[PDB]
Amino acid sequence: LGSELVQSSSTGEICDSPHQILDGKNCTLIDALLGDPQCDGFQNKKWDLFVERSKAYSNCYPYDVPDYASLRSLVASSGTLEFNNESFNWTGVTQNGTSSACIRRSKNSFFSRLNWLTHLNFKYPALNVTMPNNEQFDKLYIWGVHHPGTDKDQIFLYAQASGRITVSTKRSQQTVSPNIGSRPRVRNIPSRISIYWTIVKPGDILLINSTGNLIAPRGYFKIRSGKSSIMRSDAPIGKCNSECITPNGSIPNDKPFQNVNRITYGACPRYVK
Ligand SMILES: *[C@@H]1O[C@H](CO)[C@@H](O)[C@H](O)[C@H]1NC(C)=O
Ligand SMILES: *[C@@H]1O[C@H](CO)[C@@H](O)[C@H](O)[C@H]1NC(C)=O
């Protein structure tokens, strides 16, 4: 309250020091995480602050994330996309499904970090696969359920009228079933995928049970930090050094308060309206 206690101005530009900034450009953090074909340049990157642009768009299989805001926050705070492949035992199914809705280098493809499993010899066995976490750090697994447009497609892919998936650890259990039906066509696709996530602590075991419709993980992400973050801004990133980042640009950390934006990253004045 009073102009000498409150910072109110900005240059419209975010400084690239002192924090490590990653410009999402045309990719959302979630598309970089799943491995959309336009986002392969983000693999394994780290950040203090991820800057997400309003013109970001998707170019792979159409999907939703029931828990979108939480998964986005978790990965943003973590500050890394470091990914480690694991070899799951997918005996009895066909692996590596691809789609014309997801083109990579001019061929049908799919999210790089997910594995679209389908029937083998007209049988989709009841999969029961495990992956112990014998590491000293937490693992994050991203997986999904495919919702076909029609019963014909469901049968063609899975040789099963309705899949059931349960993914569990000693600490949690999630069970999902496809919702078959035709939705508006995105890149000519009336079907969808819904994305889910599961953390496995050291000493715990990932258990995956599926009878159909599983979009499987190929491995795990690490959880690196709890102090990175994400912000939506269209400000350019320039070569300068400034302590407090806001969507409206970086500002110095000088007065007790600021009314530039309630969203900030770094050592900053407190927001006051
Ligand atoms: C993969 O899983 C099946 C269980 O249905 C088993 O028969 C097979 O031996 C497993 N492979 C390995 C290498 O454990
Ligand atoms: C599936 O793709 C993975 C990685 O792209 C590859 O290593 C593997 O050989 C493929 N498996 C099959 C059964 O096609």
# chains A, B, ... in the order shown; residues from 1 in each chain; ligands from 1

call {"tool": "closest_atom_pairs", "arguments": {"of": "region 73-100 of chain A", "to": "region 155-172 of chain A", "cutoff": "12 Å", "atoms": "only C-alpha atoms", "output": "Markdown table"}}
result
| residue | atom | partner | partner_atom | distance |
| --- | --- | --- | --- | --- |
| A:92 | CA | A:158 | CA | 11.8 |
| A:93 | CA | A:158 | CA | 9.2 |
| A:94 | CA | A:158 | CA | 9.8 |
| A:95 | CA | A:157 | CA | 11.5 |
| A:97 | CA | A:157 | CA | 9.6 |
| A:98 | CA | A:157 | CA | 11.8 |

call {"tool": "write_last_selection", "arguments": {"atoms": "N, CA and C atoms", "output": "JSON list (two decimals), in the first residue's frame"}}
result
[["chain", "number", "residue", "atom", "x", "y", "z"],
["A", 92, "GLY", "N", 2.89, -62.61, -25.16],
["A", 92, "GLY", "CA", 1.53, -62.92, -25.56],
["A", 92, "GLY", "C", 0.72, -61.77, -26.14],
["A", 93, "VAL", "N", 1.31, -60.59, -26.27],
["A", 93, "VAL", "CA", 0.65, -59.49, -27.00],
["A", 93, "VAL", "C", 1.53, -58.92, -28.09],
["A", 94, "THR", "N", 0.95, -58.17, -29.02],
["A", 94, "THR", "CA", 1.74, -57.53, -30.06],
["A", 94, "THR", "C", 2.08, -56.14, -29.51],
["A", 95, "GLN", "N", 3.33, -55.71, -29.64],
["A", 95, "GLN", "CA", 3.78, -54.42, -29.10],
["A", 95, "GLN", "C", 3.90, -53.33, -30.18],
["A", 97, "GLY", "N", 2.21, -50.55, -31.34],
["A", 97, "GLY", "CA", 1.16, -50.08, -32.23],
["A", 97, "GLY", "C", 1.46, -48.67, -32.69],
["A", 98, "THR", "N", 1.07, -48.32, -33.92],
["A", 98, "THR", "CA", 1.29, -46.95, -34.45],
["A", 98, "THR", "C", -0.02, -46.42, -35.08]]

call {"tool": "select_by_dssp", "arguments": {"residues": "region 34-78 of chain A", "states": "strand (DSSP E or B)", "output": "ChimeraX atom specification"}}
result
/A:46,49-52,63-64

call {"tool": "residues_around", "arguments": {"residues": "residue 143 (chain A)", "least_positions_apart": "4", "cutoff": "8 Å", "atoms": "only C-alpha atoms", "output": "CSV table (one decimal) with C-alpha atoms, in the first residue's frame"}}
result
chain,number,residue,atom,x,y,z
A,114,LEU,CA,4.2,-45.3,-24.4
A,195,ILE,CA,-3.5,-40.9,-19.4
A,196,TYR,CA,-2.8,-42.0,-15.8
A,197,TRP,CA,0.3,-42.0,-13.5
A,214,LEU,CA,-3.6,-50.9,-22.0
A,215,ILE,CA,-1.3,-48.2,-23.3
A,216,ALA,CA,1.8,-49.4,-21.5
A,217,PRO,CA,4.8,-47.5,-20.0

call {"tool": "residues_near_ligand", "arguments": {"ligand": "ligand 1", "cutoff": "7 Å", "atoms": "only C-alpha atoms and all ligand atoms", "output": "list in words"}}
result
residues 89, 90 and 91 of chain A

call {"tool": "write_last_selection", "arguments": {"atoms": "N, CA, C and O atoms", "output": "short mmCIF file (atom, residue, chain, number, x, y, z; two decimals), in the first residue's frame"}}
result
data_model
loop_
_atom_site.label_atom_id
_atom_site.label_comp_id
_atom_site.auth_asym_id
_atom_site.auth_seq_id
_atom_site.Cartn_x
_atom_site.Cartn_y
_atom_site.Cartn_z
N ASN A 89 7.92 -57.55 -19.34
CA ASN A 89 7.64 -58.83 -20.02
C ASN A 89 6.23 -58.83 -20.63
O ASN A 89 5.28 -59.23 -19.98
N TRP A 90 6.11 -58.41 -21.90
CA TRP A 90 4.82 -58.38 -22.57
C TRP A 90 4.59 -59.69 -23.39
O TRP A 90 4.07 -59.65 -24.51
N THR A 91 4.94 -60.83 -22.83
CA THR A 91 4.65 -62.10 -23.55
C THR A 91 3.16 -62.24 -23.91
O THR A 91 2.26 -61.96 -23.09
#

call {"tool": "atom_distance", "arguments": {"atom1": "CA of residue 193 (chain A)", "atom2": "CA of residue 104 (chain A)"}}
result
18.5 Å

call {"tool": "atom_distance", "arguments": {"atom1": "CA of residue 219 (chain A)", "atom2": "CA of residue 83 (chain A)"}}
result
7.0 Å
